[PDB]
There are 2 protein chains.
Amino acid sequence: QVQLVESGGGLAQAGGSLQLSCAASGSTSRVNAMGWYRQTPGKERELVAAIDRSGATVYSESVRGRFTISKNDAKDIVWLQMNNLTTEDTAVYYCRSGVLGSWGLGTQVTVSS
Amino acid sequence: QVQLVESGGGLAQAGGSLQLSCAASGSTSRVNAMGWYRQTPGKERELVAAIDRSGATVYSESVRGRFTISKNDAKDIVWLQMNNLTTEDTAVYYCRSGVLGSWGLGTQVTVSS
Ligand SMILES: CCC(=O)N(c1ccccc1)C1CCN(CCc2ccccc2)CC1
Ligand SMILES: CCC(=O)N(c1ccccc1)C1CCN(CCc2ccccc2)CC1
C-alpha cells in the first residue's frame, strides 16, 4: 500500500533541463528500490533510471550521461534530473517502487590468468 | 517464502564464457523482477543485470554487451550468460527476486523546438 506522486512536468525547451520529483508515502520502510520510467508517444513504457537503498544507480542507454537519479531518504523523495533534453524525451514520466527480496546462496566465479 | 538456488559458477579462462542459472521456488507468483549481483572480495555486492516480467532488461556499465540475462517463466528460472570473462569478474554471483509495485499517475514532459 505505497502511494507515489510525480511532479515537475511541464513544457521544456530543447537542450534545457528539468527536475522531476516522486514523493512516496504510506508503508515505505520495505521499499528499497525506486525507478523512473517513461512512455513516449506511440511506444511502450520503458525504464529510464533506478536507484536502490545502497545508492547504486543504473540508467538506460537512451539517457545515460544525461539523466541523474537521486533520493532524499529523509523525506522519501526520488529525483530525476534531466539534462540536454530533446524532442525525443517528450513522454509521460512515471515513478515506481520496488521491494527487493531475499538472495540465493550464491555461486563462485573464478577467472584465471 | 521464496527460495533461490544459483548454479553454474566455476573456473573459466579469460575470454571464456559461463552460464549461471537461478531456480526460484515457493510463492513466486508475485515476483515480477529478478536480478543478478556480484560480490567481489572485499567489496559490496553490486547489481550486474536485472529483468522484469515484461522482458525489459538493464545491465551495469561493466558488463553491457558481454552478459545477457534471460528467463524461463515456465520453470521460474533465470539465466545469466556471461561472455568475454576477465579476471575482474571473479566474485560470488547472487540471484535476487523483487516485487515491483503499481504506478503513479505520472507527470507529462513536453520538449519544444
Ligand atoms: C531507494 C529507496 C529507499 O530505500 N527509500 C526511498 C523510498 C522512496 C523514495 C525515496 C527513498 C527509503 C524508504 C524508507 N524511507 C524511510 C521512511 C521511514 C522513516 C521512519 C520510520 C519508518 C520509515 C527511507 C528511504
Ligand atoms: C521476471 C520474473 C518473473 O516474472 N517471474 C520469474 C521469477 C523467477 C524466475 C523466472 C521468472 C515469474 C514468477 C512466476 N512464474 C509463474 C508460475 C509458475 C510457478 C511455478 C513454476 C513455473 C511457473 C512466472 C515467472
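Just the heavy atoms: all of them, side chains too, but no hydrogens, waters or symmetry mates, feed the values below. A note on names: the letters A, B, ... follow the listed sequences, proteins ahead of strands, and every chain is numbered from 1.
Ranked by heavy-atom pairs under 4.5 Å with chain B, the first of A/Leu100, A/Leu4, A/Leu18 is A/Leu100. Across A/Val92, A/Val109, A/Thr57, the residue that shares the most heavy-atom pairs under 4.5 angstrom with chain B is A/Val109. If you tally non-hydrogen atom pairs under 4.5 Å between each of B/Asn32, B/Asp89, B/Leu11 and chain A, the highest count goes to B/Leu11. The candidate from A/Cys95, A/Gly98, A/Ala91 with the greatest count of non-hydrogen atom pairs under 4.5 Å with chain B is A/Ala91.
The main-chain N or O of B/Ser102 is never found under 3.5 Å from a side-chain atom of A/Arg96 such that the two would form a donor-acceptor pair. With A/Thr90 contributing its side chain and B/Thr110 its backbone, the two residues share no donor-acceptor pair below 3.5 Å.
In the hydrophobic clustering of this structure, A/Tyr94 does not group with A/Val48; members are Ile, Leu, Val, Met, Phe, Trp, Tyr whose side-chain heavy atoms approach within less than 4.5 Å, directly or through other members. Cluster annotation: A/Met82 and A/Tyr59 are assigned to the same hydrophobic cluster (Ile/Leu/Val/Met/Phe/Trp/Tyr, side-chain heavy-atom contacts under 4.5 Å, transitive). In this structure, B/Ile51 is not a member of the same hydrophobic cluster as A/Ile51, with clusters built from ILVMFWY side-chain heavy atoms closer than 4.5 Å. Under the 4.5 Å side-chain heavy-atom criterion for grouping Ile, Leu, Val, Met, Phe, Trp and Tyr, B/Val78 is connected to B/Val2 within one hydrophobic cluster. If you chain together hydrophobic residues whose side chains sit under 4.5 Å apart, B/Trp36 and B/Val31 fall into the same group.
Residue contact with chain A, scored on non-hydrogen atoms closer than 4.5 Å, is absent for B/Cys22. Looking at B/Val58, only its side chain comes within 4.5 Å of chain A, counting heavy atoms on both sides. Both the backbone and the side chain of B/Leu85 come within contact range of chain A, judged by heavy atoms closer than 4.5 Å. The part of B/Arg64 that comes within reach of chain A is its side chain, from C-beta onward, which places non-hydrogen atoms under 4.5 angstrom from that chain. Interface remark: B/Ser97 contributes backbone and side-chain atoms alike to the contact with chain A (heavy atom separation under 4.5 Å). Both the backbone and the side chain of A/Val99 come within contact range of chain B, with heavy atoms under 4.5 Å apart. For a residue to count as touching a neighbouring chain, one of its non-hydrogen atoms must lie under 4.5 Å from one of that chain's; by this rule B/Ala14 touches chain A with backbone and side chain alike. For chain B, no part of A/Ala56 is nearby; none of its heavy atoms comes within less than 4.5 Å. Proximity to chain B (any heavy atom under 4.5 Å) is restricted, for A/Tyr37, to the side chain, taken from C-beta onward. Using a 4.5 Å cut-off between heavy atoms, B/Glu61 touches chain A through its side chain atoms alone.
Side-chain contact between B/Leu20 and A/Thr107 is present, with heavy atoms from C-beta onward closer than 4.5 Å. Looking at heavy atoms from C-beta onward, B/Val5 lies out of side-chain contact with A/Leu105 at the 4.5 angstrom threshold. Looking only at side-chain heavy atoms (C-beta outward), A/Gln108 and B/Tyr93 stay at 4.5 Å or farther from each other. Within the 4.5 Å cutoff, the side chain of B/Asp52 has no heavy atoms near those of the A/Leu47 side chain. For the pair A/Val111 and B/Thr86, the minimum side-chain heavy-atom distance is 4.5 Å or more. Put simply, the side chain of A/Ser113 does not reach to within 4.5 Å of the side chain of B/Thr87, judged on heavy atoms.
Contact record, A/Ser112 with B/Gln13: OG-CA, 3.4 Å, taken as the closest heavy-atom pair.
Between the OG atom in B/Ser54 and the CZ atom in A/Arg45 there is a gap of 9.5 Å [rounded to 0.5 Å].
No more than 12 heavy atoms of other residues, nucleotides or ligands shown are found within 6.0 angstrom of CZ on B/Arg30.
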